[PDB]
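Using ideal geometry, Cβ is built from the backbone for each residue, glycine included, and neighbour counts are taken over all protein chains shown. The values are calculated or read from the model by the stated rules, or taken from the named source; nothing here is a laboratory result.
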Amino acid sequence: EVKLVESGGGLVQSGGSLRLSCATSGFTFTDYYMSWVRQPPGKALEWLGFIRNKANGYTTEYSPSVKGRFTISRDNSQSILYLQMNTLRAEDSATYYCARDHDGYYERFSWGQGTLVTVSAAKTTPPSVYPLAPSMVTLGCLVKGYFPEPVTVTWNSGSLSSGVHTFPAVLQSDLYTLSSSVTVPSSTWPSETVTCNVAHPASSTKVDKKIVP
Amino acid sequence: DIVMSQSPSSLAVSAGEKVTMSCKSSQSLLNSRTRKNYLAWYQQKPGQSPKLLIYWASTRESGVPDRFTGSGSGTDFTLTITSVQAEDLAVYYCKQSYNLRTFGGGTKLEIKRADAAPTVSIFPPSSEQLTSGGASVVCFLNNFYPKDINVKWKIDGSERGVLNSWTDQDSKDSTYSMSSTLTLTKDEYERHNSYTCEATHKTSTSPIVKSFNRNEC
Ligand SMILES: C=CCO[C@]1(C(=O)O)C[C@@H](O[C@]2(C(=O)O)C[C@@H](O)[C@@H](O)[C@@H]([C@H](O)CO)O2)C=C([C@H](O)CO)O1
Ligand SMILES: [Zn+2]
Ligand SMILES: [Zn+2]
């Protein structure tokens, strides 16, 4: 099983620097070129650069959009890919993906989950998490007033996923708010517990909020 | 340089129907030596990373359903989906790898389905919010189609700090959902009694009305 996992994303100020990592497994790392691609919220994918395989001396190439400012490197002992970003600007705010690239034969990117980078002067603000309690019954959690993105919301630690709607965050007055609804049979709540699990990585916030009648 | 362009920007198609989308390069992607077109297609479902579907213009990656077919050559390429399914909702990107790599701007595919009325639910502010001086009232309008919908808030019968958010289309039932949040100060919240979310959607000339009264909490 191939695995690519980005890390390093978060909040950084304009003019500042940040380095992302991409840990890989499940394939012969040195045989492969590796690319970085980014995606601003709601916008298209943008290829940023690659680092070639061993046969090609692990050389780098970059899009003109970031050449001179971004640097790619790799650790071939541990199979980790890196992206060094300098002189960051608002336009660099995006989800950054690593992707496995060329092996000398195939033309394809055979991707990580992505790590979100936010370039802003705003401070880190943890969310407030509030329960939403009133056949089938609908419950929810309001995740209010946080910065930067993202947050994650699960219900009963992942065991409720069907009947879940998580509403995209919207920015108002320099803070994000999102909500999530879960719909279950009335026979099961409040008989059984329903809990939303909320995380905000920027503030290392972890919240479990039980929906109480 | 190599400019990649896609068409359409977006479209909607009913389940079972055929989808056709296009990708153009400013320069031929046909490599003389290998005789292959260096053009790949990726599918990006809501909240997910892109996934490889097609490469070398027409080679379908293992695990990808047969209903996806890549075609074309040189400067012009096509991704065709036959018998589209609800789960095919996604943005589709083409990407050249002839000279470094460049993505097109994507085609957003939505799924058309039968009109569906929303299920509306309203939620009073929690005591844990009120204690800090704020009062948010939330209304969920769930599983409707089409996407256009109107929400009005009424307080003591009078129309009125509102945060609206729509989900992406659902991959299973092709509906939308939206959340509407009205936020007041506790002081203002305590001056009124009836809080009402009213949803008007083309599925009925009657608004769906959900309310609660502060005195009943
Ligand atoms: C970099 C100079 C020559 O590179 C080629 C060549 O024969 O021209 C091709 C090259 O592969 C790449 C590359 O730039 O590294 C990546 C590949 O995915 C594709 O983009 C091709 C491009 O289509 C050109 O053919 O370029 C690799 C080298 C060989 O490894 C050795 O020289 O050859
Ligand atoms: Zn639903
Ligand atoms: Zn008033």
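Descriptive notes on the structure:
- Among the criteria (1) within 12 Å of chain B (Cβ to nearest Cβ); (2) under 20 Å from A:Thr118 (Cα atoms), the one A:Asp92 does not fulfil is (1).
- Taking the range A:122-169 and the strands (runs of 3 or more DSSP E) fully enclosed by it, the elements with 2 or more residues that are farther than 22 Å from B:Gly134 by Cβ are at A:136-146, A:152-155.
- Positions within the range B:171-202 being surrounded by 15 or more Cβ atoms within 10 Å (Cβ to Cβ) and out of contact with any strand residue (DSSP E or B) (no Cβ under 7 Å at 6 or more places or on another chain), in sequence order: B:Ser171
- Any chance B:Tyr98 is surrounded by 21 or more Cβ atoms within 10 Å (Cβ to Cβ) and within 12 Å of chain A (Cβ to nearest Cβ): no
- Scanning the range B:41-60 for residues that are more than 7 Å from chain A (Cβ to nearest Cβ) and assigned to a loop (DSSP other than H, G, I, E, B), we see that the one that is surrounded by the most Cβ atoms within 10 Å (Cβ to Cβ) is B:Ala57.
- Filter pass, A:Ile80 being within 16 Å of ligand 1 (Cβ to nearest atom) and surrounded by 15 or more Cβ atoms within 10 Å (Cβ to Cβ): no
- Taken together, A:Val170, A:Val182 contain a single residue that is away from ligand 3 (no atom under 16 Å from the Cβ) and either in the same structural domain as A:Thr95 (by CATH) or surrounded by 22 or more Cβ atoms within 10 Å (Cβ to Cβ) (or both), which is A:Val182.
- When the residues of the range B:157-170 are filtered to those that are more than 10 Å from ligand 2 (Cβ to nearest atom) and under 16 Å from B:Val13 (Cα atoms), the one that is nearest to the chain's Cα centre (by Cα) is B:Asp168.
- Residues that are touching a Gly at 6+ places or on another chain (Cβ under 8 Å) number at least 3 in the following strands (runs of 3 or more DSSP E) confined to the range A:11-95: A:18-25, A:34-39, A:60-62.
- Residue in the range B:101-119 that is in contact with a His (Cβ under 9 Å, 6 or more places away or on another chain), more than 14 Å from chain A (Cβ to nearest Cβ) and exposed (fewer than 15 other Cβ atoms within 10 Å of the Cβ) present: yes
- Residues satisfying the stated conditions in the range A:170-213, i.e. touching a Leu at 6+ places or on another chain (Cβ under 9 Å), assigned to a loop (DSSP other than H, G, I, E, B) and more than 11 Å from every other protein chain (Cβ to nearest Cβ): A:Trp189, A:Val194
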